[PDB]
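> Below: one structure in structure tokens.
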Amino acid sequence: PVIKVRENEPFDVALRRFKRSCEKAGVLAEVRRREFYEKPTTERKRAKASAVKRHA
Amino acid sequence: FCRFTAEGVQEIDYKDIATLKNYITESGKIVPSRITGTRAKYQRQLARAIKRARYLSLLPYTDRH
Amino acid sequence: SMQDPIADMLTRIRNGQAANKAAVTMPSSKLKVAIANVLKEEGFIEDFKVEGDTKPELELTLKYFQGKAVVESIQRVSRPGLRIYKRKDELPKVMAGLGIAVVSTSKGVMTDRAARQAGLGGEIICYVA
Amino acid sequence: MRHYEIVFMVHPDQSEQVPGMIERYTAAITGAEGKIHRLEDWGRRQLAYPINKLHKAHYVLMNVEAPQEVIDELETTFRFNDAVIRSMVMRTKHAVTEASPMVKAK
Amino acid sequence: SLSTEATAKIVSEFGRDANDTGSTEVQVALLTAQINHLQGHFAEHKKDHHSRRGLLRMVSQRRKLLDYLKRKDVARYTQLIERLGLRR
Amino acid sequence: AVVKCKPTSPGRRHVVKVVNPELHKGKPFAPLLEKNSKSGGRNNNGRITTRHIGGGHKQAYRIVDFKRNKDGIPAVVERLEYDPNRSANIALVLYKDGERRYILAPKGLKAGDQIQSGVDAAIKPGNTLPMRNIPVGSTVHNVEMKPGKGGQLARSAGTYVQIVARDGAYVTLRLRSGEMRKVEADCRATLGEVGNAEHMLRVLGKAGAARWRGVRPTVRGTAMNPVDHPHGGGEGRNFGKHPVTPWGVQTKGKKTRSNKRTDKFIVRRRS
RNA sequence: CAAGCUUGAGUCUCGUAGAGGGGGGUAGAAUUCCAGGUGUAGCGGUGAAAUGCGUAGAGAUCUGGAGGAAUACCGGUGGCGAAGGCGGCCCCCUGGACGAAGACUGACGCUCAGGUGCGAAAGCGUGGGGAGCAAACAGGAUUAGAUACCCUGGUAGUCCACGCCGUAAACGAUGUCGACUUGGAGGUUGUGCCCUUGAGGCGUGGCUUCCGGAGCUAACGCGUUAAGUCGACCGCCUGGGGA
RNA sequence: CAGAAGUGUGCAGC
Ligand SMILES: [K+]
Ligand SMILES: [K+]
Ligand SMILES: [K+]
Ligand SMILES: [K+]
Ligand SMILES: [K+]
Ligand SMILES: [K+]
Ligand SMILES: [K+]
Ligand SMILES: [K+]
Ligand SMILES: [K+]
Ligand SMILES: [Mg+2]
Ligand SMILES: [Mg+2]
Ligand SMILES: [Mg+2]
Ligand SMILES: [Mg+2]
Ligand SMILES: [Mg+2]
Ligand SMILES: [Mg+2]
Ligand SMILES: [Mg+2]
Ligand SMILES: [Mg+2]
Ligand SMILES: [Mg+2]
Ligand SMILES: [Mg+2]
Ligand SMILES: [Mg+2]
Ligand SMILES: [Mg+2]
Ligand SMILES: [Mg+2]
Ligand SMILES: [Mg+2]
Ligand SMILES: [Mg+2]
Ligand SMILES: [Mg+2]
Ligand SMILES: [Mg+2]
């Protein structure tokens with residue numbers, strides 16, 4: 001995620017763009033995912049349960 | 001809808017960088033077919049072609065390098 | 001693999017009549033034709049037909065009375081795993097004689113009532129209620 | 001015999017030698033009763049990320065029909081030839097005479 | 001696997017016709033051809049167990065075909081096993 | 001291959017022996033033999049200067065070519081032979097001019113293999129080149145330490161050296177000990193590894209099998225009297241000393257390299 | 001017992017999809033370590049601390065190098081495999097599955113005691129490798145205690161080659177094979193026809209996810225991939241502990 | 001962030 005601030009761009013608009021960019025890139029989620037190991041059985045269990053709840 | 005089925009492409013070519021750049025984010029990550037609408041067969045062809053193009057340094061692996 | 005085509009025929013009858021099928025089709029065979037003939041004579045089915053030369057099909061037209069199956073039950077008794085034969089003095093009576101047993105006697109396939117009248121035993125194929 | 005697509009890229013300082021390598025390798029295939037269905041020279045082209053600190057490597061692409069041993073000979077000469085910085089051999093479903101998008105972009 | 005031209009060779013060599021690809025002699029010949037070819041594979045890739053399962057399928061199928069042929073015609077059986085070198 | 005002997009006697013119970021059927025079952029090439037009489041570990045004063053040496057089987061010296069200076073002429077491997085003088089096997093090779101020589105046998109080399117030496121040799125095992133011509137990362141053996149002096153590093157069975165870096169005038173080598181060392185790039189080396197890599201798997205079953213190789217018994221210092229060894233003495237099994245050599249220097253950790261003239265060539269000591 | 005037949009079972013011809021297997025190369029991001037520059041007093045960790053690291057210049061930041069292991073995104077109740085399992089890219093060798101159209105053999109089939117092979121992780125042997133993680137172990141905390149949970153370290157091991165072991169909630173807690181019996185919505189992969197006009201309509205095969213009808217079941221539930229209606233063969237059970 | 005334990009044995013509502 002990179003932001004170039006345009007001429008006469010307000011700084012807080014640049015902050016808004018930076019926040020939305022890094023959120024859309026998923027960087028923070030990817031960092032939080034990797035701080036602890038997860039057994040493959042646990043990964044598959046969470047995936048399965050998420051899919052199971054994706055029903056109307 | 002899927003561009004490759006509308007055209008009737010037989011195989012996606014890693015050398016068609018003008019096409020492949022439409023399916024990567026600005027950070028170089030492969031865009032999910034959920035967003036592009038690409039049919040699964042062509043999504044798999046995209047992924048292989050993009051990885052080959054990365055190895056040839058035609059596309060970046062990462063935003064930063 | 002298929003190893004008892006007679007139980008196959010009987011099961012096709014049972015299932016088709018439970019599903020209210022108008023008619024059922026199965027691979028033909030001399031013994032199947034004989035059994036269907038006996039069932040038609042006893043009135044458990046409306047009709048039967050055989051069609052084709054190289055791979056003949058057999059069709060049975062099922063029978064219903066007041067909206068319900070005329071065949072109450074149909075049960076294989078002799079089977080490949082355990083063959084059953086009876087003497088003249090031991091032929092069973094199905095539903096005390098309301099149903100029929102089908103007996104392959106030495107004179108051919110016939111009802112147990114016929115076999116008793118003829119004085120024969122045989123292999124007992126099935127019970128029909 | 002099998003069809004292969006071969007892309008190799010060369011240190012820019014060696015660009016003027018690219019016609020020589022080609023003539024050798026095009027010989028090595030054809031002298032083995034292989035045949036070359038096409039050759040494209042893309043010249044110096046910018047890299048997406050630095051390799052060996054280099055940039056602007058000189059790309060060459062060719063499509064060839066050859067027996068396995070000739071192609072593993074060619075790849076093992078690419079291995080020790082210090083001019084070639086990166087190489088790729090991909091077996092191909094069919095012969096391909098049509099020019100690449102990289103040329104037709106010109 | 002066994003190539004097209006080698007297949008046609010074996011078929012035209014053991015069968016009555018290029019047609020009779022179902023004859024038991026032709027099938028046993030093709031199975032023997034591939035079982036012989038694969039010995040050069042498993043001589044090296046010893047731990048390729050998954051491919052060995054296919055190899056053993058070929059072996060047991062050939063066994064069954066030979067038992068059938070030996071029931072039908074001991075003369076054709078003898079000719080076949082002598083020509084192919086089976087039964088050690 | 002290595003084979004375990006059946007225990008038909010207590011001396012055979014633990015024997016493991018290397019069997020190699022490619023080795024020549026015949027007499028060596030006599031024009032390349034010399035006498036090699038045993039020393040018993042005694043110098044020109046007649047004193048024992050190295051303990052535990054003496055006896056063993058008679059041996060002839062084979063003149064192995066470590067210099068490989070016969071550049072630009074092909075040679076074919078005639079056969080592999082046993083050499084009693086070293087752990088590696090040696091190959092007899094015949095040059096196109098009819099000269100014969102012995103070389104260290106590299107791993108996987110076989111009779112009928114073609115080898116060549118020189119600045120333009122191919123990169124394949126058994127070929128010899130100046131190290132400035134060898135790709136970095138290559139595995140080599142029989143490395144010269146000075147140009148033209150002949151190979152001195154990585155000679156034993158299964159050993160090899162890896163070229164880690166090149167600096168124009170010098171190359172950095174990772175030695176088999178794990179030392180990192182500079183060597184000047186005009187030194188030659190041979191591609192590949194020394195063969196007979198299973199040498200280390202053999203087990204000598206019995207005391208007598210060490211005697212055949214010329215090793216005499218090693219009496220423990222603690223078993224001696226105080227006059228003989230610093231560890232000697234004690235009215236039982238006593239120790240209470242710090243461990244030392246027979247001449248009183250600390251063993252089990254005290255370093256002993258002291259060679260300031262070569263230290264500049266050493267990049268990182270073994271670990 | 002003899003001779004037929006083509007529907008079961010096989011062979012061939014043309015294609016398709018795939019983390020199916022074995023071997024060999026190779027790329028990028030990141031952690032760790034080592035050298036060197038910038039630069040000053042904290043860093044790290046926690047609920048808070050301390051152990052620990054730091055003025056002997058750490059942490060942060062930039063340049064260069066070494067080495068090991070795993071392959072973000074793609075990625076999906078997606079695919080492949082008998083099961084265990086299999087995920088960067090490329091090459092070589094190699095197994096199976098499925099579809100269209102025929103041609104061919106002519107019951108060659110199903111199941112299987114004993115037997116044989118494969119079989120996660122941990123573990124064992126011999127030789128390598130060792131970044132990160134981490135049984136054992138040490139220190140700091142917490143507590144009435146704390147031989148734990150948490151923190152700072154850390155060995156076997158995890159990785160490689162060749163052997164052994166042969167067990168798991170090795171699970172769909174559901175043996176293999178064959179036939180029959182109302183439907184609906186989706187996924188994935190072939191193929192036919194129709195103005196192909198498309199981001200289109202209608203048919204026909206393989207595998208797979210979720211609802212639910214008759215029926216079955218103690219109930220929960222299963223429900224054309226049956227736990228429904230039948231046939232062949234095999235394995236297993238006979239009150240709880242002891243075991 | 002910490003927070004452990006609760007002696008034995010019974011009887012109506014037909
Ligand atoms: K002489
Ligand atoms: K001793
Ligand atoms: K003593
Ligand atoms: K394949
Ligand atoms: K068994
Ligand atoms: K740790
Ligand atoms: K407490
Ligand atoms: K460790
Ligand atoms: K009991
Ligand atoms: Mg000694
Ligand atoms: Mg000793
Ligand atoms: Mg004494
Ligand atoms: Mg003394
Ligand atoms: Mg004492
Ligand atoms: Mg295949
Ligand atoms: Mg393990
Ligand atoms: Mg181990
Ligand atoms: Mg070990
Ligand atoms: Mg810990
Ligand atoms: Mg068990
Ligand atoms: Mg079970
Ligand atoms: Mg349901
Ligand atoms: Mg059932
Ligand atoms: Mg009991
Ligand atoms: Mg208490
Ligand atoms: Mg109580």
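Residue names in the structure tokens use chain letters A, B, ... in the order shown, residue numbers from 1 in each chain, and ligand numbers from 1 in the order shown.
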Would you kindly return, as a PyMOL selection string, each protein, DNA or RNA residue with an atom no farther than 9 Å from any atom of stretch 21-36 of chain C, considering only C-alpha atoms (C1' of nucleotides) and excluding same-chain residues fewer than 3 positions away?
(chain C and resi 5-6+8-9+12-13+15-18+39-41+45+47-51+55-63+102+108-110) or (chain G and resi 7)
> Selected residues, C-alpha atoms (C1' of nucleotides), written as a PDB file, in the first residue's frame, please.

ATOM      1  CA  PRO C   5     -32.810 -62.408 -11.299  1.00  0.00           C
ATOM      2  CA  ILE C   6     -36.006 -63.886  -9.844  1.00  0.00           C
ATOM      3  CA  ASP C   8     -34.900 -59.013  -9.014  1.00  0.00           C
ATOM      4  CA  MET C   9     -38.238 -59.495 -10.781  1.00  0.00           C
ATOM      5  CA  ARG C  12     -39.277 -54.716  -9.312  1.00  0.00           C
ATOM      6  CA  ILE C  13     -42.910 -55.722  -8.822  1.00  0.00           C
ATOM      7  CA  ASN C  15     -41.228 -51.372  -5.760  1.00  0.00           C
ATOM      8  CA  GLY C  16     -43.221 -50.461  -8.848  1.00  0.00           C
ATOM      9  CA  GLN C  17     -46.513 -51.190  -7.142  1.00  0.00           C
ATOM     10  CA  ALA C  18     -45.463 -49.217  -4.072  1.00  0.00           C
ATOM     11  CA  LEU C  39     -49.397 -64.686 -11.664  1.00  0.00           C
ATOM     12  CA  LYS C  40     -51.716 -63.720 -14.510  1.00  0.00           C
ATOM     13  CA  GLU C  41     -53.693 -66.936 -14.101  1.00  0.00           C
ATOM     14  CA  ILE C  45     -51.352 -58.827 -12.615  1.00  0.00           C
ATOM     15  CA  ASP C  47     -51.115 -58.604 -18.402  1.00  0.00           C
ATOM     16  CA  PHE C  48     -47.591 -59.398 -19.529  1.00  0.00           C
ATOM     17  CA  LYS C  49     -45.747 -59.047 -22.821  1.00  0.00           C
ATOM     18  CA  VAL C  50     -42.397 -60.031 -24.323  1.00  0.00           C
ATOM     19  CA  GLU C  51     -40.786 -57.820 -26.945  1.00  0.00           C
ATOM     20  CA  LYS C  55     -32.399 -58.679 -25.979  1.00  0.00           C
ATOM     21  CA  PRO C  56     -36.054 -59.386 -25.162  1.00  0.00           C
ATOM     22  CA  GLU C  57     -37.742 -57.173 -22.591  1.00  0.00           C
ATOM     23  CA  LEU C  58     -40.620 -58.428 -20.458  1.00  0.00           C
ATOM     24  CA  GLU C  59     -43.319 -55.954 -19.416  1.00  0.00           C
ATOM     25  CA  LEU C  60     -45.855 -56.498 -16.628  1.00  0.00           C
ATOM     26  CA  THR C  61     -48.993 -54.379 -16.311  1.00  0.00           C
ATOM     27  CA  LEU C  62     -49.709 -53.929 -12.603  1.00  0.00           C
ATOM     28  CA  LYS C  63     -53.169 -54.173 -11.067  1.00  0.00           C
ATOM     29  CA  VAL C 102     -45.280 -70.869  -6.600  1.00  0.00           C
ATOM     30  CA  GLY C 108     -43.511 -77.275 -14.367  1.00  0.00           C
ATOM     31  CA  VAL C 109     -44.174 -74.071 -12.459  1.00  0.00           C
ATOM     32  CA  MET C 110     -47.598 -74.060 -10.801  1.00  0.00           C
TER      33      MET C 110
ATOM     34  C1'   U G   7     -26.873 -57.095 -22.159  1.00  0.00           C
TER      35        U G   7
END
> Would you mind listing what lies within 10 Å of stretch 72-85 of chain E as a list in words, with only C-alpha atoms (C1' of nucleotides) counted and same-chain residues fewer than 6 positions away left out?
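Counting only the stated atoms, we get residues 14, 24, 25, 26, 28, 29, 32, 33 and 66 of chain E; 108 of chain G.
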> With DSSP run on the backbone, what are the helix (DSSP H, G or I) residues within chain E? I'd like them as a ChimeraX atom specification.
/E:4-14,24-42,49-72,74-84
> Would you write out those residues with C-alpha atoms, as a PDB file, in the first residue's frame?

ATOM      1  CA  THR E   4       0.192 -46.495 -30.463  1.00  0.00           C
ATOM      2  CA  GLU E   5       2.506 -48.049 -33.046  1.00  0.00           C
ATOM      3  CA  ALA E   6       3.785 -50.651 -30.583  1.00  0.00           C
ATOM      4  CA  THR E   7       0.173 -51.477 -29.750  1.00  0.00           C
ATOM      5  CA  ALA E   8      -0.682 -51.906 -33.429  1.00  0.00           C
ATOM      6  CA  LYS E   9       2.404 -54.083 -33.857  1.00  0.00           C
ATOM      7  CA  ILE E  10       1.410 -56.440 -31.045  1.00  0.00           C
ATOM      8  CA  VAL E  11      -2.238 -56.550 -32.131  1.00  0.00           C
ATOM      9  CA  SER E  12      -1.409 -57.355 -35.743  1.00  0.00           C
ATOM     10  CA  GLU E  13       1.146 -59.919 -34.544  1.00  0.00           C
ATOM     11  CA  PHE E  14      -0.981 -61.964 -32.115  1.00  0.00           C
ATOM     12  CA  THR E  24      -7.451 -63.050 -25.193  1.00  0.00           C
ATOM     13  CA  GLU E  25      -4.069 -63.678 -26.812  1.00  0.00           C
ATOM     14  CA  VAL E  26      -3.861 -60.027 -27.860  1.00  0.00           C
ATOM     15  CA  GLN E  27      -4.807 -58.781 -24.397  1.00  0.00           C
ATOM     16  CA  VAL E  28      -2.257 -61.015 -22.679  1.00  0.00           C
ATOM     17  CA  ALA E  29       0.378 -59.887 -25.165  1.00  0.00           C
ATOM     18  CA  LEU E  30      -0.307 -56.204 -24.493  1.00  0.00           C
ATOM     19  CA  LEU E  31      -0.239 -56.753 -20.738  1.00  0.00           C
ATOM     20  CA  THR E  32       3.059 -58.623 -20.992  1.00  0.00           C
ATOM     21  CA  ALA E  33       4.501 -55.853 -23.157  1.00  0.00           C
ATOM     22  CA  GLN E  34       3.713 -53.172 -20.595  1.00  0.00           C
ATOM     23  CA  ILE E  35       4.716 -55.275 -17.583  1.00  0.00           C
ATOM     24  CA  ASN E  36       8.073 -55.828 -19.267  1.00  0.00           C
ATOM     25  CA  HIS E  37       8.493 -52.151 -20.106  1.00  0.00           C
ATOM     26  CA  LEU E  38       7.785 -51.015 -16.526  1.00  0.00           C
ATOM     27  CA  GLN E  39      10.562 -53.178 -15.051  1.00  0.00           C
ATOM     28  CA  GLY E  40      12.996 -50.489 -16.151  1.00  0.00           C
ATOM     29  CA  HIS E  41      10.944 -47.946 -14.217  1.00  0.00           C
ATOM     30  CA  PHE E  42      10.613 -49.717 -10.891  1.00  0.00           C
ATOM     31  CA  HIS E  49       4.208 -47.275  -4.774  1.00  0.00           C
ATOM     32  CA  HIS E  50       1.235 -45.645  -6.503  1.00  0.00           C
ATOM     33  CA  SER E  51       2.421 -46.699  -9.951  1.00  0.00           C
ATOM     34  CA  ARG E  52       3.250 -50.149  -8.629  1.00  0.00           C
ATOM     35  CA  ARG E  53      -0.410 -50.576  -7.712  1.00  0.00           C
ATOM     36  CA  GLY E  54      -1.256 -50.209 -11.403  1.00  0.00           C
ATOM     37  CA  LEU E  55       1.514 -52.637 -12.273  1.00  0.00           C
ATOM     38  CA  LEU E  56       0.058 -55.237  -9.919  1.00  0.00           C
ATOM     39  CA  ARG E  57      -3.380 -54.675 -11.418  1.00  0.00           C
ATOM     40  CA  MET E  58      -1.910 -55.566 -14.810  1.00  0.00           C
ATOM     41  CA  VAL E  59      -0.246 -58.666 -13.366  1.00  0.00           C
ATOM     42  CA  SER E  60      -3.397 -60.031 -11.756  1.00  0.00           C
ATOM     43  CA  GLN E  61      -5.533 -59.275 -14.809  1.00  0.00           C
ATOM     44  CA  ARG E  62      -3.092 -61.199 -16.991  1.00  0.00           C
ATOM     45  CA  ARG E  63      -3.296 -64.072 -14.512  1.00  0.00           C
ATOM     46  CA  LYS E  64      -7.091 -64.173 -14.809  1.00  0.00           C
ATOM     47  CA  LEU E  65      -6.977 -64.046 -18.611  1.00  0.00           C
ATOM     48  CA  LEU E  66      -4.532 -66.937 -18.699  1.00  0.00           C
ATOM     49  CA  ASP E  67      -6.681 -69.033 -16.366  1.00  0.00           C
ATOM     50  CA  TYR E  68      -9.611 -68.467 -18.709  1.00  0.00           C
ATOM     51  CA  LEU E  69      -7.641 -69.378 -21.816  1.00  0.00           C
ATOM     52  CA  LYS E  70      -6.302 -72.497 -20.105  1.00  0.00           C
ATOM     53  CA  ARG E  71      -9.878 -73.567 -19.433  1.00  0.00           C
ATOM     54  CA  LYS E  72     -11.025 -72.915 -23.003  1.00  0.00           C
ATOM     55  CA  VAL E  74      -4.990 -75.823 -23.585  1.00  0.00           C
ATOM     56  CA  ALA E  75      -3.343 -75.764 -27.022  1.00  0.00           C
ATOM     57  CA  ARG E  76      -3.734 -72.024 -27.554  1.00  0.00           C
ATOM     58  CA  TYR E  77      -2.626 -71.592 -23.943  1.00  0.00           C
ATOM     59  CA  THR E  78       0.552 -73.599 -24.521  1.00  0.00           C
ATOM     60  CA  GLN E  79       1.363 -71.716 -27.715  1.00  0.00           C
ATOM     61  CA  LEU E  80       0.803 -68.359 -26.033  1.00  0.00           C
ATOM     62  CA  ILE E  81       2.861 -69.029 -22.910  1.00  0.00           C
ATOM     63  CA  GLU E  82       5.691 -70.500 -24.977  1.00  0.00           C
ATOM     64  CA  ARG E  83       5.727 -67.553 -27.384  1.00  0.00           C
ATOM     65  CA  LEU E  84       5.646 -64.949 -24.591  1.00  0.00           C
TER      66      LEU E  84
END
> As an MDAnalysis selection string, please: the residues near stretch 30-33 of chain B (cut-off 6 Å, only C-alpha atoms (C1' of nucleotides), same-chain neighbours under 5 positions excluded).
(chainID B and resid 23:24 38) or (chainID G and resid 73:74)
> Write out as number ranges by chain each polymer residue (protein, DNA or RNA) that has an atom no more than 10 Å from ligand 21, with only C-alpha atoms (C1' of nucleotides) and all ligand atoms counted.
G: 169-171, 173-174
> Restrict the calculation to only C-alpha atoms (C1' of nucleotides) and all ligand atoms, then for each residue of chain H with any atom at most 9 Å from an atom of ligand 7 give the closest atom pair and their distance in Å to one decimal, rows by chain and rising residue number, as CSV.

residue,atom,partner,partner_atom_place_in_ligand_line,distance
H:2,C1',ligand 7,1 (K),7.6
H:3,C1',ligand 7,1 (K),7.2
H:4,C1',ligand 7,1 (K),6.2
> Counting only C-alpha atoms (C1' of nucleotides), what is within 9 Å of residue G:227, bar same-chain residues fewer than 6 positions away, as a list in words?
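Final neighbour list, sorted by chain and number: residues 174, 216, 217 and 221 of chain G.
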> May I have a table of the residues of chain F lying at most 10 Å from chain G, giving each one's closest pair of atoms and their distance in Å to one decimal, counting only C-alpha atoms (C1' of nucleotides), ordered by chain and ascending residue number, as a tab-separated table?

residue	atom	partner	partner_atom	distance
F:164	CA	G:66	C1'	9.5
F:198	CA	G:127	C1'	9.7
F:200	CA	G:127	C1'	9.4
F:201	CA	G:127	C1'	8.7
> Would you pick out the contacts of stretch 10-16 of chain B at 6 Å or less, using only C-alpha atoms (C1' of nucleotides), so that residues sharing its chain but fewer than 3 positions from it are not included, and give the list as JSON, numbers by chain?
{"B": [19, 49, 53], "D": [101]}
> If we count only C-alpha atoms (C1' of nucleotides), what is near residue D:79 at a cut-off of 12 Å, once residues fewer than 4 positions away on the same chain are taken out, given as a list in words?
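Residues near the query, excluding close chain neighbours: residues 8, 72, 73, 74, 75, 83, 84, 85, 86, 87 and 88 of chain D; 123 and 135 of chain F; 25 and 26 of chain G.
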> What residues have any atom no more than 12 Å from ligand 1 when counting only C-alpha atoms (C1' of nucleotides) and all ligand atoms, and can you list them as a ChimeraX atom specification?
/F:30-34
